[PDB]
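Okay, here we've got a single chain as structure tokens, the form deposited in one PDB entry, with questions on binding and movement later.
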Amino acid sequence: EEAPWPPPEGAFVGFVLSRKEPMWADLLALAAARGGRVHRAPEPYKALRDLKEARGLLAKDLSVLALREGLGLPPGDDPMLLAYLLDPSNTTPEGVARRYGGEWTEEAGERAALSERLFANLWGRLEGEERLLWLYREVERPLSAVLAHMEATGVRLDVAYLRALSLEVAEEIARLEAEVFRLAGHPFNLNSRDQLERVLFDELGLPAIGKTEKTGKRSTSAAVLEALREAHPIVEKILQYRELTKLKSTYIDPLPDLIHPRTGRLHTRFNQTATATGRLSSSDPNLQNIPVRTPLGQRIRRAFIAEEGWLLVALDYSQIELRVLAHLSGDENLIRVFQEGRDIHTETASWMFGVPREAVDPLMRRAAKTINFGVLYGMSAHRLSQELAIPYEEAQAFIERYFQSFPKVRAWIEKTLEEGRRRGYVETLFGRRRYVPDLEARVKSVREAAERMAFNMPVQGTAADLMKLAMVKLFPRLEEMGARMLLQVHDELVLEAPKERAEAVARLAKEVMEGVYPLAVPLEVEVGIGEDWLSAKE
């Protein structure tokens, strides 16, 4: 059924890249399939110009490569997105092919044929699935186009600044390393947790608190080291060493080497079918975990800057997952807290502790805040105790007071788990599903871990759905204003706008995000503008 290039309109495309990252890949081959024919491009790059849309497996990646080459080729249907909506464990084309009727090979024509067959089969599985079809048409398919533009646009990085920082950090790492070795009485590989374990617990006389999950070694995690801050001077030094080497090896050193020759910018990938909950992920490099908490972390974040003549605009939803929880659970006291525009963590501290706000102390707000996020994950009293460094019994008390103030939260958790046990899956506000079979595991630890995954998903997933919908609504407004969407970090968007229009863009983006989908509580968005990512977050 081999036919001459080019294919008719509406054909499914297949393509092969020299490497997974579309901004860096050579397009090795290109083909298209339709109506019982397969068309193979004699020269892929030139053939790219013949296509109206990228329709097929991994359509976004081909679109990114096209945008890189100055071609406006938007992604359309992609069987990966259909499969992911059916079951978010469908994350790879290898797996999706095996499950839905083919094999993911290394040949373009075969990939084109596969895309066509998988689309037909998967489209059929979605029929009747009204809510999933709505997510596909109104969120996932249009979002893929937005993501392609974001990937191809990239973000500006101050490379010289990072190079300079590297040299300074190297000197400080040396000071810490040298002092650790002196305290140990000998040098060893401070990067090896296996060697460190022996030094701390065997050679020195330190008590080993916890064990590691898979192999049961004595843990040297920060949680353990923190508990040992007073046991020996070597511990604090190790904590400092860990912080510095983590940031140097993961951000300071690698990032400057990833600037693209043609754009002069750093380009991530936004993976659309990678998580169990419907969140996006980011890779090669991951720009969703750039440091921000510590002083050195903040120094790194300052390296992300706006193009000359432009500004960054950073918009963050305030406590979106807690607001989603209020809506899903219908808890009146939680809803009241938000509807009143009061500081969530301070206000929650008022409810527990039984004191008016203004009387809420710094430590009390901390407890409330830790609980406010912890409840989303199924955080236990033991864990809370360690996080706040308070007596186990105090931690227990705090958790009980929380559920006594917000009783419908516990009720929603229990209802969600019961329904999940029955149906075998849980769902977001929009109907995105996650299958969680271990809800009926006979091993308590396994079952309870499954429960925490299960009741978190509707919260995290609804928050993800809302952010995705916001991006889809916001993108065409930005293009009209000559602004750019650069990054998404789960509950935050980073935009780049010409200086003259930054204020207007910030106001507009804030309004689009706050009004994306009205809930029983208001969505609040914090917005900042600045020359670098840190200064744009205020």
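Just count from 1 along the sequence shown to find any residue number.
We do not show the form deposited in another entry, though everything after this point is about it.
Hinge (C-alphas switching from one rigid part to the other between this form and the one not shown) among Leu376, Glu503, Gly154, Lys246: Checking each of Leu376, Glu503, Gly154, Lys246, the hinge one is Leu376.
Comparison of CA distance in the other form with shown form for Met364, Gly330, at least 3 Å: They are farther apart; the C-alpha distance rises by 3 Å or more in the other form.
In the other form, whether the C-alpha atoms of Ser350 and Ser329 sit closer or farther than here (change of 3 Å or more): Farther, not closer.
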